[PDB]
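Here the structure comes first, spelled out in structure tokens, and everything after it is commentary.
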Amino acid sequence: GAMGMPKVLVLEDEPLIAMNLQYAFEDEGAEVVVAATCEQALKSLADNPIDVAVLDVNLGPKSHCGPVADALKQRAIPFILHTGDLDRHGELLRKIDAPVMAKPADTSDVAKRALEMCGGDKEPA
């Protein structure tokens with residue numbers, strides 16, 4: 001949905017960032033689902049038609065946006081990895097293969113670039 005509000009999925013266990021991302025995407029003209037877990041994400045993935053996502057890779061010591069990333073990768077849904085840790089999950093990132101926005105990152109920039117892959121004016125085919 002590029003003619004209206006895109007359905008954004010935010011993977012962020014940091015509620016300050018999650019909330020800020022939500023405000024950011026909504027500010028760009030989108031609707032946001034906030035998920036701190038892959039389970040929430042995959043639920044929203046099936047429950048809603050995710051146009052684009054934004055995934056923090058370092059949800060925790062073991063918890064990572066992985067099944068979420070792959071879920072998106074499966075349906076060819078665009079998403080950006082908004083993480084402050086890369087080397088902590090380098091193997092995961094190589095499997096994901098997608099644009100990332102390192103932390104700290106302004107949530108507007110994270111949102112904009114995410115929605116840029118979602119839609120705007122003329123599909124970049």
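For the structure tokens, the naming scheme is as follows: chains receive sequential letters (A, B, ...) according to their order of presentation, residues are indexed from 1 within each chain, and ligands are indexed from 1 in presentation order.
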Checklist entry - Using only C-alpha atoms, which residues sit within 12 Å of residue 94 in chain A once same-chain residues fewer than 5 positions away are excluded, as a PyMOL selection string? => result chain A and resi 57+66+69-70+81+86-87+89+99-100
Next on the checklist: Let's see if you can do this: from backbone DSSP, list all strand (DSSP E) residues in chain A, as a ChimeraX atom specification.
Outcome noted: /A:7-11,31-35,52-55,79-81
Extract, using only C-alpha atoms, all DNA, RNA and protein residues at most 10 Å from residue 23 in chain A, discarding same-chain residues fewer than 6 positions from it, and format them as an mmCIF file with N, CA, C and O atoms, in the first residue's frame.
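So part33.cif came out as:
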data_model
loop_
_atom_site.group_PDB
_atom_site.id
_atom_site.type_symbol
_atom_site.label_atom_id
_atom_site.label_comp_id
_atom_site.auth_asym_id
_atom_site.auth_seq_id
_atom_site.Cartn_x
_atom_site.Cartn_y
_atom_site.Cartn_z
ATOM 1 N N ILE A 17 13.166 3.478 21.578
ATOM 2 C CA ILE A 17 13.433 3.423 20.152
ATOM 3 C C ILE A 17 12.206 2.948 19.383
ATOM 4 O O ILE A 17 11.848 3.531 18.362
ATOM 5 N N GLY A 29 3.672 8.906 7.363
ATOM 6 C CA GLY A 29 2.381 8.535 6.822
ATOM 7 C C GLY A 29 2.209 7.033 6.728
ATOM 8 O O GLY A 29 1.826 6.513 5.682
ATOM 9 N N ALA A 30 2.498 6.331 7.816
ATOM 10 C CA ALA A 30 2.386 4.879 7.843
ATOM 11 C C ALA A 30 1.806 4.394 9.166
ATOM 12 O O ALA A 30 1.727 5.153 10.132
ATOM 13 N N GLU A 31 1.392 3.134 9.197
ATOM 14 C CA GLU A 31 0.895 2.511 10.416
ATOM 15 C C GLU A 31 1.921 1.500 10.905
ATOM 16 O O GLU A 31 2.550 0.821 10.096
ATOM 17 N N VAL A 32 2.092 1.391 12.212
ATOM 18 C CA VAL A 32 3.205 0.631 12.761
ATOM 19 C C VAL A 32 2.746 -0.433 13.749
ATOM 20 O O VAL A 32 1.932 -0.168 14.630
ATOM 21 N N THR A 107 15.390 7.979 14.041
ATOM 22 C CA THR A 107 14.298 7.114 13.663
ATOM 23 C C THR A 107 13.594 7.593 12.398
ATOM 24 O O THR A 107 12.970 6.796 11.699
ATOM 25 N N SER A 108 13.723 8.880 12.087
ATOM 26 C CA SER A 108 13.153 9.415 10.861
ATOM 27 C C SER A 108 13.906 8.862 9.657
ATOM 28 O O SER A 108 13.304 8.463 8.666
ATOM 29 N N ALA A 111 13.018 5.290 9.266
ATOM 30 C CA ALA A 111 11.669 5.174 8.725
ATOM 31 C C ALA A 111 11.630 5.528 7.248
ATOM 32 O O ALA A 111 11.054 4.795 6.442
#
Next on the checklist: From the options A:44, A:120, A:93, A:88, which residue's atoms come nearest to residue 58 in chain A, counting only C-alpha atoms?
Outcome noted: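 Under the stated criterion, the closest residue is A:88.
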Residues of range 50-101 of chain A at most 12 Å from range 7-13 of chain A: nearest atom pair and distance in Å, only C-alpha atoms, as a Markdown table:
| residue | atom | partner | partner_atom | distance |
| --- | --- | --- | --- | --- |
| A:50 | CA | A:7 | CA | 5.0 |
| A:51 | CA | A:7 | CA | 5.0 |
| A:52 | CA | A:8 | CA | 4.9 |
| A:53 | CA | A:9 | CA | 4.3 |
| A:54 | CA | A:10 | CA | 4.9 |
| A:55 | CA | A:11 | CA | 4.4 |
| A:56 | CA | A:12 | CA | 5.4 |
| A:57 | CA | A:11 | CA | 8.2 |
| A:58 | CA | A:12 | CA | 8.7 |
| A:59 | CA | A:13 | CA | 5.6 |
| A:60 | CA | A:13 | CA | 8.1 |
| A:61 | CA | A:13 | CA | 11.9 |
| A:63 | CA | A:13 | CA | 9.6 |
| A:64 | CA | A:11 | CA | 9.2 |
| A:65 | CA | A:11 | CA | 6.9 |
| A:66 | CA | A:11 | CA | 10.3 |
| A:67 | CA | A:11 | CA | 11.4 |
| A:68 | CA | A:11 | CA | 8.4 |
| A:69 | CA | A:11 | CA | 9.7 |
| A:71 | CA | A:9 | CA | 11.7 |
| A:72 | CA | A:9 | CA | 10.0 |
| A:77 | CA | A:8 | CA | 10.3 |
| A:78 | CA | A:8 | CA | 9.8 |
| A:79 | CA | A:9 | CA | 8.6 |
| A:80 | CA | A:10 | CA | 9.7 |
| A:81 | CA | A:11 | CA | 8.9 |
| A:82 | CA | A:12 | CA | 8.5 |
| A:83 | CA | A:12 | CA | 9.0 |
| A:84 | CA | A:12 | CA | 11.3 |
Checklist entry - Can you list, as a PyMOL selection string, every residue of chain A that DSSP puts in alpha helix (DSSP H)? => result chain A and resi 15-28+38-47+67-75+90-96+107-116
Checklist entry - In Å, how far is it from CA of residue 24 in chain A to CA of residue 85 in chain A? => result 21.5 Å
Item to check | Between CA of residue 90 in chain A and CA of residue 124 in chain A - distance in Å to one decimal | outcome: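 One can read the CA of residue 124 in chain A to CA of residue 90 in chain A distance as 28.4 Å.
A straight line drawn from CA of residue 38 in chain A to CA of residue 116 in chain A is 23.7 Å long.
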Checklist entry - Of the residues A:35, A:41, A:125, A:118, which is the one nearest to residue 4 in chain A, using only C-alpha atoms? => result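 Under the stated criterion, the closest residue is A:118.
With only C-alpha atoms as the atoms that count, the residue of A:5, A:98, A:36, A:76 with the shortest distance to residue 19 in chain A is A:36.
Comparing A:122, A:112, A:91, A:74 by their smallest distance to residue 28 in chain A, the closest is A:112 (using only C-alpha atoms).
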Checklist entry - Which is closer to residue 96 in chain A than all the others in A:73, A:45, A:18, A:117, using only C-alpha atoms? => result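 Between A:73, A:45, A:18, A:117, the residue approaching residue 96 in chain A most closely is A:73.
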